[PDB]
Every structure is written in C-alpha cells, then in structure tokens.
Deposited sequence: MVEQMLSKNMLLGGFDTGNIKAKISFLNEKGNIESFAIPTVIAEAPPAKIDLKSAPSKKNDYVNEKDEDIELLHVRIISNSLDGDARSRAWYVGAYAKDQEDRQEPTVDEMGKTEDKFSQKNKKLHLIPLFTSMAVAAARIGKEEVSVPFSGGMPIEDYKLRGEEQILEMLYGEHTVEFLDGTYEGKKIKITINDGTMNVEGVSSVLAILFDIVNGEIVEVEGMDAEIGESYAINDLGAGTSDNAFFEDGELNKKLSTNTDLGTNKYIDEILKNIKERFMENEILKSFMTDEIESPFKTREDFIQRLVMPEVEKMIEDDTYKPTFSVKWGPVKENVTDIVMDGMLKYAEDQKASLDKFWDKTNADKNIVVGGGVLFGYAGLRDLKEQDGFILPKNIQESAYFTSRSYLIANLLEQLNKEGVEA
C-alpha cells in the first residue's frame, strides 16, 4: 500500500499517464509539455486546468533546484513559458521532468495518498539505464493553487523500466484493468502510434524490437488540424488551442460514429453572430489524414513485412472516419476498446507495470 502504479508516455506534445485509482480501474490524463517560472505563491480533468506547483527534486539543477512553476495548460498562456525547441528539420530535462512529476502528484492527490513510491514504467523513442537515473530519488510536489492547493506529495522512485523488449508496449491491445486484471472484449508485428506532432512506427520481431527498421516520423494530426482551422476561419470571412477544437467539436461526433456505423457526423462552428456548417471542411482534413496514414502504414507494412499491423494513438480517433476501414482489412489491428486508443501506450506501460509487481 501507499504506492502509485502508472504507465508514463511522454513526448513533445503531452505527458500522458495511465494509473490505477482507488477502485482499481485505469484512469488517464495528459499534461501539456509546457512550463513557466512562477512566483513562490498564489496570485473531467478539472484538477490540471490550473497547475501552480513547488517542486523539490535533485533531478533538477541550477535555479530549477526548488522553485515554483506553472505546469501544463496554465503555463501555455504565460509570456515566458518554455516549450520543446525544434529546429527547421539534456538540459531541457526540466521541460520533461516537471510535467512528469506533476502528473504523478495529481494522480497521488486524486487517490488521496500523500506519500507514494512510483515504480517507473515508461518508454523511450529510438541508453535505458542512464535515462532512468535522472528519475530515481525523492521528489516533492506542493500545489500552490487550484484543486489541491496546500497539498504536499512525496514521490519516491526506486525502480524503473522503459519496456524496450517483448510484448510490453502492446499489452493494451489484449488486456484491460477493471479492479484488475482482465481480457479485452502474431509473432511478427508493427506498432503504429499515431500522435499529434509525430507518428511512431515500431516493428517487433521474434520477441525483440527491430531497432533498425523501427522508425519515427512527424506524420501527426496537428498539421491537418491547423489546415482545417485555417479553412474554417476563412469560411466565416473560435478555438483557443487544438485540444479545444478536438474536445469541443471533434470528440463528441467521432464518438457517435464509433457506436453507430451509419451515423453521419455534423460539424458546426459558432463564431460571433455567425454560425457555419463546416462538416465538409472538417471531414476533408480527416480523410486527407486517413489516406496519408493509410499510405504510410502500407509501405511500413511492406518494408517490415510484419504478419500484423497494430494502429493506435489519438490519430485513430481523429481520422476514424477513414481509418475504421482498417477493421475490415486482415493484417491490420485496431484496439477493440477503440475509445482508449489515445492512451494505448501509457495503458500498455501500466499493464506491464502491474505484472512487474507480481
């Protein structure tokens, strides 16, 4: 007892976490990979809307040693916010450690523990031992504002794993944890995690990650979303972030499609004294993404000649209108519980971790 069990999926867009709550079920949320220096004191995923935390950890250095930060959403608005630098083609570790520890704390607060040991179960994209040791030790997160203002969580990380080999990265395709731990309603396979800014094409052969053909591209949903937004704003002549566009406009419709294959989606936008039907605009970007992904998956299938191709990630949902065709194709596997496709990897890392504890 007094332990937090989770799977951790980090990137340049979000830090994703899937953990076990008090009633033994999987709970998931994502903290945007954004931070900003904050004053020593105050001025459905409610608790991460406003994150102002003091973080004391030895994995942090210099001025970041034990000061305060705006983390995630509440950081994206700040002037001097920090985000992953990326050129026209570490010592930025706080940019990844801080949203990481912050997620561990939020989950800890959610389940009413104030001291938690967190066996680390995560992943790296194309050493393992060295990266883990920027995580070991004791980390304290105090909330200075928001839902858990005044709370102080002690995170202890003694043991970890990056789930490099074997079926660990995949486990969420076959299993689910409902008070633990139950089956969902080949020997050569690809895993395609379809994300916001990137697309991860990994290939597993004979129990081992094929560390030469396992690639990684920037085929993300974001560029397609930006296109759609540009075409909507022009239709008028609305949304604050992309996640706002996805959550408010896209998610409710993608969902009725899931539970009814006959349902036609409608996308309308209210901006000012005008309301427009932009169903045609949205669906265009969706199928464009779908076909571009269909093409990308095809050639990676041919390049690896995998026996089966698993497609996961939120891109399965954003491009669902087109990507649901992969259900009818032998050689492709979509998650049965497809509404959890976005957190497939973190959910997989969580399942790998629960097994590690046994």
Quiz item: Where does the model skip over parts of the deposited sequence?
Solution: 1-7, 51-65, 112-119, 157-162, 222-228, 281-295, 417-423
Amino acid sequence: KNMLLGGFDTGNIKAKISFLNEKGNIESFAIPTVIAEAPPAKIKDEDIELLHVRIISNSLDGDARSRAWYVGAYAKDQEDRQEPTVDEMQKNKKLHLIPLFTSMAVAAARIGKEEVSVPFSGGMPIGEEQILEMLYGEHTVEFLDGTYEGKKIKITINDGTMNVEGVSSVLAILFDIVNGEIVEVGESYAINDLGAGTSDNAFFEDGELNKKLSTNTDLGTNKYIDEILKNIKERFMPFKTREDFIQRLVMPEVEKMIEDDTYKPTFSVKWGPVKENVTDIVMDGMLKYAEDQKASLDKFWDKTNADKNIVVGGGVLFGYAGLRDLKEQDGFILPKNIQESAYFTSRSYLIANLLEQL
From here on, numbers count along this sequence of modelled residues.
Practice problem: Would you mind comparing 140-148 and 168-176 for me and telling me which has the higher average C-alpha temperature factor in the entry? | Solution: 140-148
Quiz item: Between 151-159 and 248-256, which has the higher average C-alpha B-factor in the PDB entry?
Solution: 151-159
Quiz prompt | Out of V118, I126, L219, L209, residue topping the C-alpha B-factor column of the entry | solution = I126
Quiz prompt | Residue of maximum C-alpha B factor among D325, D63, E291, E27, per deposited coordinates | solution = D63
Quiz item: Where does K94 sit by CA temperature factor within its chain: lowest, middle or highest third?
Solution: middle
Quiz prompt | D200 - Cα temperature factor, lowest/middle/highest third of chain | solution = lowest
Quiz item: Which third of the chain does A75 land in by C-alpha B-factor: lowest, middle or highest?
Solution: middle
Quiz item: Looking at the C-alpha B-factor of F101, is it in the lowest, middle or highest third of its chain?
Solution: lowest
Practice problem: Ordered by C-alpha B-factor within the chain, which third holds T241? Give me lowest, middle or highest, please. | Solution: middle
